[PDB]
file target_32.cif (mmCIF, C-alpha atoms)
data_run
loop_
_atom_site.label_atom_id
_atom_site.label_comp_id
_atom_site.auth_asym_id
_atom_site.auth_seq_id
_atom_site.Cartn_x
_atom_site.Cartn_y
_atom_site.Cartn_z
CA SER N 1 56.93 -62.85 -65.32
CA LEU N 2 55.06 -60.71 -62.79
CA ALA N 3 52.03 -59.64 -64.83
CA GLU N 4 49.30 -60.53 -62.33
CA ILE N 5 51.30 -60.19 -59.10
CA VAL N 6 52.75 -56.69 -58.62
CA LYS N 7 50.54 -53.67 -59.28
CA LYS N 8 50.78 -49.87 -59.32
CA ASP N 9 49.59 -49.58 -55.71
CA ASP N 10 52.70 -51.60 -54.74
CA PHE N 11 55.07 -48.98 -56.21
CA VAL N 12 55.90 -45.43 -55.17
CA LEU N 13 54.24 -42.85 -57.43
CA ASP N 14 55.97 -39.72 -58.77
CA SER N 15 58.98 -40.46 -56.58
CA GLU N 16 61.45 -37.58 -56.41
CA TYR N 17 64.49 -39.45 -55.06
CA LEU N 18 62.97 -42.74 -53.85
CA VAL N 19 63.19 -46.15 -55.54
CA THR N 20 60.93 -48.92 -54.24
CA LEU N 21 62.97 -52.10 -54.69
CA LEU N 22 61.02 -55.37 -54.95
CA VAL N 23 63.27 -57.02 -52.38
CA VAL N 24 62.18 -60.66 -52.35
CA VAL N 25 63.34 -62.30 -49.11
CA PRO N 26 63.00 -66.01 -48.21
CA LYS N 27 61.15 -67.26 -45.16
CA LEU N 28 64.59 -68.12 -43.77
CA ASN N 29 65.27 -64.36 -43.48
CA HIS N 30 61.88 -62.61 -43.78
CA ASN N 31 61.82 -61.30 -40.21
CA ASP N 32 65.45 -60.22 -40.56
CA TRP N 33 64.38 -58.07 -43.51
CA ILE N 34 61.28 -56.70 -41.79
CA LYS N 35 63.47 -55.67 -38.82
CA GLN N 36 66.46 -54.43 -40.88
CA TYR N 37 64.76 -52.84 -43.95
CA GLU N 38 65.77 -49.32 -42.88
CA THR N 39 69.36 -50.07 -41.86
CA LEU N 40 69.98 -52.23 -44.95
CA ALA N 41 70.95 -49.05 -46.81
CA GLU N 42 71.73 -45.44 -46.04
CA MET N 43 68.95 -42.85 -46.27
CA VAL N 44 66.04 -45.31 -46.19
CA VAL N 45 62.44 -44.24 -45.59
CA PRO N 46 61.58 -45.28 -42.00
CA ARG N 47 58.75 -47.77 -41.52
CA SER N 48 58.68 -48.60 -45.24
CA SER N 49 58.36 -52.33 -44.47
CA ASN N 50 55.64 -53.67 -46.77
CA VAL N 51 54.82 -57.22 -47.94
CA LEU N 52 53.27 -57.94 -51.34
CA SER N 53 53.23 -61.61 -52.42
CA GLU N 54 55.12 -64.91 -52.18
CA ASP N 55 56.02 -68.12 -53.98
CA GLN N 56 57.42 -71.61 -53.37
CA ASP N 57 60.94 -70.39 -52.46
CA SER N 58 60.45 -66.97 -50.91
CA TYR N 59 58.15 -64.17 -49.76
CA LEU N 60 58.11 -61.03 -51.91
CA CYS N 61 58.40 -57.70 -50.10
CA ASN N 62 59.51 -54.16 -50.93
CA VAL N 63 61.17 -51.21 -49.20
CA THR N 64 61.54 -47.56 -50.26
CA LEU N 65 65.00 -45.98 -50.09
CA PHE N 66 67.29 -43.40 -51.72
CA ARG N 67 68.33 -43.60 -55.38
CA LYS N 68 72.06 -43.85 -54.73
CA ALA N 69 71.26 -46.18 -51.82
CA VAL N 70 70.09 -48.93 -54.20
CA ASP N 71 73.71 -49.99 -54.73
CA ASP N 72 74.39 -49.89 -50.98
CA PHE N 73 71.23 -51.93 -50.41
CA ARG N 74 72.35 -54.53 -52.94
CA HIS N 75 75.78 -54.70 -51.31
CA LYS N 76 74.39 -55.17 -47.80
CA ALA N 77 71.46 -57.37 -48.88
CA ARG N 78 72.82 -59.92 -51.38
CA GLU N 79 74.74 -61.55 -48.50
CA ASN N 80 71.61 -61.77 -46.28
CA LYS N 81 69.91 -64.13 -48.79
CA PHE N 82 67.87 -61.15 -49.97
CA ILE N 83 67.39 -60.47 -53.68
CA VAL N 84 66.17 -57.51 -55.75
CA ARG N 85 63.56 -57.90 -58.52
CA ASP N 86 63.87 -54.87 -60.80
CA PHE N 87 60.54 -54.87 -62.67
CA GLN N 88 58.60 -52.14 -64.50
CA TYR N 89 54.80 -52.15 -64.31
CA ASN N 90 52.34 -51.03 -66.98
CA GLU N 91 48.85 -51.97 -68.10
CA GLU N 92 49.38 -53.34 -71.62
CA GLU N 93 53.06 -54.22 -71.12
CA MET N 94 51.79 -57.06 -68.90
CA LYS N 95 48.58 -57.99 -70.74
CA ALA N 96 50.07 -58.07 -74.24
CA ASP N 97 52.20 -61.13 -73.49
CA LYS N 98 49.20 -63.17 -72.30
CA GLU N 99 47.28 -61.86 -75.32
CA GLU N 100 50.11 -63.06 -77.55
CA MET N 101 50.29 -66.52 -75.99
CA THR N 102 46.51 -66.93 -76.19
CA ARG N 103 46.40 -65.66 -79.78
CA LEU N 104 49.29 -67.96 -80.63
CA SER N 105 47.32 -70.92 -79.31
CA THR N 106 44.10 -69.85 -81.05
CA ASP N 107 45.62 -69.25 -84.47
CA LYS N 108 47.80 -72.35 -84.11
CA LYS N 109 44.49 -74.10 -83.51
CA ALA X 1 63.30 -45.55 -31.02
CA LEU X 2 63.77 -43.85 -34.39
CA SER X 3 60.23 -43.25 -35.74
CA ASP X 4 59.34 -39.63 -36.59
CA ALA X 5 62.73 -38.47 -35.28
CA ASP X 6 64.61 -40.40 -37.97
CA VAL X 7 61.86 -39.39 -40.40
CA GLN X 8 62.53 -35.69 -39.86
CA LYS X 9 66.29 -36.35 -39.83
CA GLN X 10 66.01 -37.89 -43.31
CA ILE X 11 63.75 -35.02 -44.38
CA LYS X 12 66.18 -32.35 -43.16
CA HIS X 13 69.13 -34.09 -44.82
CA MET X 14 67.04 -34.00 -47.99
CA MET X 15 66.14 -30.33 -47.50
CA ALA X 16 69.82 -29.42 -47.25
CA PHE X 17 69.93 -29.73 -51.07
CA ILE X 18 66.37 -30.05 -52.43
CA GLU X 19 65.49 -26.38 -51.77
CA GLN X 20 68.93 -24.91 -51.00
CA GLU X 21 70.57 -25.87 -54.31
CA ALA X 22 67.39 -24.58 -55.91
CA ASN X 23 67.99 -21.29 -54.09
CA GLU X 24 71.50 -21.08 -55.54
CA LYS X 25 70.19 -21.90 -59.03
CA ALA X 26 67.43 -19.28 -58.95
CA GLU X 27 69.51 -16.60 -57.22
CA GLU X 28 72.06 -17.13 -59.97
CA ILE X 29 69.22 -16.77 -62.48
CA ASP X 30 68.60 -13.38 -60.85
CA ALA X 31 72.32 -12.60 -61.15
CA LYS X 32 72.16 -13.52 -64.84
CA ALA X 33 69.09 -11.30 -65.11
CA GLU X 34 70.91 -8.28 -63.68
CA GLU X 35 74.10 -8.83 -65.69
CA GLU X 36 72.32 -9.46 -68.99
CA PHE X 37 70.06 -6.53 -68.12
CA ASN X 38 73.21 -4.42 -68.12
CA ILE X 39 74.28 -6.12 -71.37
CA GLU X 40 70.94 -5.49 -73.10
CA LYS X 41 71.36 -1.92 -71.85
CA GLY X 42 74.49 -1.71 -74.01
CA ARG X 43 74.18 -3.95 -77.07
CA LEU X 44 70.80 -3.45 -78.81
CA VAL X 45 69.99 0.15 -77.94
CA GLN X 46 73.72 0.56 -78.58
CA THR X 47 73.13 -0.26 -82.25
CA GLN X 48 70.19 2.13 -82.08
CA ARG X 49 72.59 4.78 -80.76
CA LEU X 50 74.99 4.00 -83.60
CA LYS X 51 72.19 4.35 -86.15
CA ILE X 52 70.89 7.69 -84.86
CA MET X 53 74.44 9.02 -84.47
CA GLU X 54 74.79 7.94 -88.10
CA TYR X 55 71.67 9.98 -88.89
CA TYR X 56 73.29 12.97 -87.20
CA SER O 1 57.41 -41.14 -43.46
CA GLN O 2 55.17 -43.49 -45.45
CA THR O 3 52.42 -40.85 -45.56
CA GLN O 4 53.79 -37.44 -44.55
CA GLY O 5 57.57 -37.68 -45.02
CA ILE O 6 57.39 -38.42 -48.74
CA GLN O 7 54.77 -35.67 -49.00
CA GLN O 8 57.22 -33.27 -47.34
CA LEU O 9 59.92 -34.19 -49.85
CA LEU O 10 57.48 -33.76 -52.75
CA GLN O 11 56.20 -30.39 -51.52
CA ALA O 12 59.77 -29.23 -50.93
CA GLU O 13 60.54 -30.04 -54.54
CA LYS O 14 57.41 -28.04 -55.37
CA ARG O 15 58.81 -25.10 -53.39
CA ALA O 16 62.09 -25.43 -55.30
CA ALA O 17 60.12 -25.40 -58.57
CA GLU O 18 58.21 -22.34 -57.33
CA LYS O 19 61.51 -20.57 -56.64
CA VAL O 20 62.81 -21.49 -60.11
CA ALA O 21 59.61 -20.24 -61.76
CA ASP O 22 59.76 -17.02 -59.73
CA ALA O 23 63.37 -16.41 -60.77
CA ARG O 24 62.56 -17.04 -64.44
CA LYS O 25 59.63 -14.60 -64.29
CA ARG O 26 61.88 -12.08 -62.55
CA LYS O 27 64.47 -12.42 -65.31
CA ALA O 28 61.86 -11.97 -68.05
CA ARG O 29 60.38 -8.89 -66.38
CA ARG O 30 63.89 -7.58 -65.73
CA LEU O 31 64.77 -7.78 -69.41
CA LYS O 32 61.50 -6.20 -70.55
CA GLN O 33 62.27 -3.37 -68.14
CA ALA O 34 65.76 -3.23 -69.64
CA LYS O 35 64.39 -2.82 -73.16
CA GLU O 36 61.94 -0.10 -72.16
CA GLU O 37 64.28 1.95 -69.96
CA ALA O 38 67.18 1.79 -72.44
CA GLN O 39 64.81 2.94 -75.16
CA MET O 40 63.88 5.88 -72.91
CA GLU O 41 67.55 6.80 -72.30
CA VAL O 42 68.25 6.70 -76.03
CA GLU O 43 65.15 8.87 -76.53
CA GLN O 44 66.37 11.43 -73.99
CA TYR O 45 69.83 11.68 -75.50
CA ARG O 46 68.15 11.83 -78.92
CA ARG O 47 66.25 14.90 -77.70
CA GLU O 48 69.58 16.35 -76.55
CA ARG O 49 71.16 15.88 -79.97
CA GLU O 50 68.05 17.29 -81.67
CA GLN O 51 68.34 20.47 -79.62
CA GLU O 52 72.07 20.66 -80.34
CA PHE O 53 71.25 20.16 -84.03
CA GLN O 54 68.91 23.17 -83.94
CA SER O 55 71.63 25.15 -82.16
CA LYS O 56 74.12 24.23 -84.89
CA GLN O 57 71.59 25.39 -87.50
#
call {"tool": "encode", "arguments": {"input": "target_32.cif", "output": "structure tokens"}}
result
Amino acid sequence: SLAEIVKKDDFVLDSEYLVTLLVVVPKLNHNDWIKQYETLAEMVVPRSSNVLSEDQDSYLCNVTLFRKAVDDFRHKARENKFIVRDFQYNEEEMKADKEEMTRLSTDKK
Amino acid sequence: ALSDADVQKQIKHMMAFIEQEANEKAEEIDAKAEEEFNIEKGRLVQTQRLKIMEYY
Amino acid sequence: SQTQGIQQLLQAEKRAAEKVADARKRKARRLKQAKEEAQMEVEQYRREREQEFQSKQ
């Protein structure tokens, strides 16, 4: 779960035709992504090469591209060791689960 | 190499249908306005005509 | 595009919305005009048939 990691500033706001995919890319291919982000799908926003977070297996990053180009991106990117993390961000959608686990522990106590 | 050139290329490809299809939609709204203007000319006041011809 | 290109797309959609709103307002005003003018034509022909009614009398 990505409650504390990805935030609203890391997502396009009021996008008309643009989806910002959370394209996690390992260190084995991070530079390949940062130098191919635009050509990885048709009709991609130029210079939309941003980096957000990381983890033990890979370095999270996201690019902004066309709505119908999400499928093309997945086609051209699944074979590059890239991966897409389709996640929706909200304030209480993320906090309520931690609240529930903590409440579960407290009332269990 | 690409930079603002490919930016504006993407923008123009987007403008080919963001505002142009909107122009077709709204110009056809105007066409509907004129046609249904002619139809309101001859359906409601037409009943009014029928009623006052009935008075006569 | 990260700053200005997306803004251009957004403001172009705003211009499309402006065109749609303008066309809707034009249609509404067109039909109000239709009501008024057709009422006036019916009124004129009503005057004509009133005068012909007096003539018949």
call {"tool": "residues_around", "arguments": {"input": "target_32.cif", "residues": "residue 60 in chain N", "least_positions_apart": "6", "cutoff": "12 Å", "atoms": "only C-alpha atoms", "output": "JSON, numbers by chain"}}
result
{"N": [2, 5, 6, 10, 21, 22, 23, 24, 25, 26, 27, 29, 30, 33, 34, 49, 50, 51, 52, 53, 54, 82, 83, 84, 85]}
call {"tool": "write_last_selection", "arguments": {"input": "target_32.cif", "atoms": "C-alpha atoms", "output": "PDB file, keeping the file's coordinate frame"}}
result
ATOM      1  CA  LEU N   2      55.060 -60.710 -62.790  1.00  0.00           C
ATOM      2  CA  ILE N   5      51.300 -60.190 -59.100  1.00  0.00           C
ATOM      3  CA  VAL N   6      52.750 -56.690 -58.620  1.00  0.00           C
ATOM      4  CA  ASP N  10      52.700 -51.600 -54.740  1.00  0.00           C
ATOM      5  CA  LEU N  21      62.970 -52.100 -54.690  1.00  0.00           C
ATOM      6  CA  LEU N  22      61.020 -55.370 -54.950  1.00  0.00           C
ATOM      7  CA  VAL N  23      63.270 -57.020 -52.380  1.00  0.00           C
ATOM      8  CA  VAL N  24      62.180 -60.660 -52.350  1.00  0.00           C
ATOM      9  CA  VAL N  25      63.340 -62.300 -49.110  1.00  0.00           C
ATOM     10  CA  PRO N  26      63.000 -66.010 -48.210  1.00  0.00           C
ATOM     11  CA  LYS N  27      61.150 -67.260 -45.160  1.00  0.00           C
ATOM     12  CA  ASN N  29      65.270 -64.360 -43.480  1.00  0.00           C
ATOM     13  CA  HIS N  30      61.880 -62.610 -43.780  1.00  0.00           C
ATOM     14  CA  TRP N  33      64.380 -58.070 -43.510  1.00  0.00           C
ATOM     15  CA  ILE N  34      61.280 -56.700 -41.790  1.00  0.00           C
ATOM     16  CA  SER N  49      58.360 -52.330 -44.470  1.00  0.00           C
ATOM     17  CA  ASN N  50      55.640 -53.670 -46.770  1.00  0.00           C
ATOM     18  CA  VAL N  51      54.820 -57.220 -47.940  1.00  0.00           C
ATOM     19  CA  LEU N  52      53.270 -57.940 -51.340  1.00  0.00           C
ATOM     20  CA  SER N  53      53.230 -61.610 -52.420  1.00  0.00           C
ATOM     21  CA  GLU N  54      55.120 -64.910 -52.180  1.00  0.00           C
ATOM     22  CA  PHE N  82      67.870 -61.150 -49.970  1.00  0.00           C
ATOM     23  CA  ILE N  83      67.390 -60.470 -53.680  1.00  0.00           C
ATOM     24  CA  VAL N  84      66.170 -57.510 -55.750  1.00  0.00           C
ATOM     25  CA  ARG N  85      63.560 -57.900 -58.520  1.00  0.00           C
TER      26      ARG N  85
END
call {"tool": "closest_atom_pairs", "arguments": {"input": "target_32.cif", "of": "chain X", "to": "chain O", "cutoff": "6 Å", "atoms": "all atoms listed in the file", "output": "Markdown table"}}
result
| residue | atom | partner | partner_atom | distance |
| --- | --- | --- | --- | --- |
| X:7 | CA | O:1 | CA | 5.7 |
| X:19 | CA | O:16 | CA | 5.0 |
| X:22 | CA | O:16 | CA | 5.4 |
| X:26 | CA | O:20 | CA | 5.3 |
| X:33 | CA | O:27 | CA | 4.8 |
| X:37 | CA | O:31 | CA | 5.6 |
| X:41 | CA | O:38 | CA | 5.6 |
call {"tool": "resolve_selection", "arguments": {"input": "target_32.cif", "expression": "the PyMOL selection byres ((chain X) within 9 of (chain N))", "output": "ChimeraX atom specification"}}
result
/X:2-4,6-7,10,13
call {"tool": "write_last_selection", "arguments": {"input": "target_32.cif", "atoms": "C-alpha atoms", "output": "short mmCIF file (atom, residue, chain, number, x, y, z; two decimals), in the coordinates of the input"}}
result
data_model
loop_
_atom_site.label_atom_id
_atom_site.label_comp_id
_atom_site.auth_asym_id
_atom_site.auth_seq_id
_atom_site.Cartn_x
_atom_site.Cartn_y
_atom_site.Cartn_z
CA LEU X 2 63.77 -43.85 -34.39
CA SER X 3 60.23 -43.25 -35.74
CA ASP X 4 59.34 -39.63 -36.59
CA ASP X 6 64.61 -40.40 -37.97
CA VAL X 7 61.86 -39.39 -40.40
CA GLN X 10 66.01 -37.89 -43.31
CA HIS X 13 69.13 -34.09 -44.82
#
call {"tool": "decode", "arguments": {"input": "target_32.cif", "residues": "range 63-74 of chain N", "atoms": "N, CA, C and O atoms", "output": "compact mmCIF listing (two decimals), in the first residue's frame"}}
result
# COMPACT_ATOMS: atom_id res chain seq x y z
N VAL N 63 5.59 9.12 -15.62
CA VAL N 63 5.60 9.88 -16.86
C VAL N 63 4.16 10.20 -17.22
O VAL N 63 3.23 9.47 -16.83
N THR N 64 3.96 11.30 -17.95
CA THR N 64 2.64 11.76 -18.34
C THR N 64 2.47 11.59 -19.85
O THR N 64 3.30 12.09 -20.62
N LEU N 65 1.41 10.90 -20.26
CA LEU N 65 1.20 10.55 -21.66
C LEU N 65 -0.29 10.55 -21.97
O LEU N 65 -1.12 10.84 -21.11
N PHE N 66 -0.63 10.19 -23.21
CA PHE N 66 -2.01 10.25 -23.69
C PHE N 66 -2.84 9.09 -23.14
O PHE N 66 -2.31 8.03 -22.79
N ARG N 67 -4.16 9.31 -23.06
CA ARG N 67 -5.05 8.31 -22.47
C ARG N 67 -5.00 7.00 -23.24
O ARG N 67 -4.79 5.93 -22.66
N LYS N 68 -5.21 7.05 -24.56
CA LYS N 68 -5.12 5.82 -25.34
C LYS N 68 -3.70 5.29 -25.42
O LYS N 68 -3.51 4.13 -25.79
N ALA N 69 -2.70 6.11 -25.09
CA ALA N 69 -1.32 5.67 -25.13
C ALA N 69 -0.89 4.91 -23.89
O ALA N 69 0.26 4.48 -23.81
N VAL N 70 -1.78 4.73 -22.91
CA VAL N 70 -1.46 3.89 -21.76
C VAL N 70 -1.26 2.44 -22.20
O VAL N 70 -0.33 1.76 -21.75
N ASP N 71 -2.15 1.94 -23.07
CA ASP N 71 -2.01 0.58 -23.56
C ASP N 71 -0.73 0.41 -24.37
O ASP N 71 -0.02 -0.59 -24.22
N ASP N 72 -0.43 1.37 -25.24
CA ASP N 72 0.81 1.32 -26.00
C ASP N 72 2.02 1.36 -25.07
O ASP N 72 3.02 0.66 -25.29
N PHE N 73 1.95 2.19 -24.03
CA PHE N 73 3.04 2.25 -23.06
C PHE N 73 3.23 0.91 -22.38
O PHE N 73 4.36 0.45 -22.22
N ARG N 74 2.13 0.28 -21.96
CA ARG N 74 2.24 -1.02 -21.31
C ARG N 74 2.86 -2.04 -22.26
O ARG N 74 3.76 -2.80 -21.88
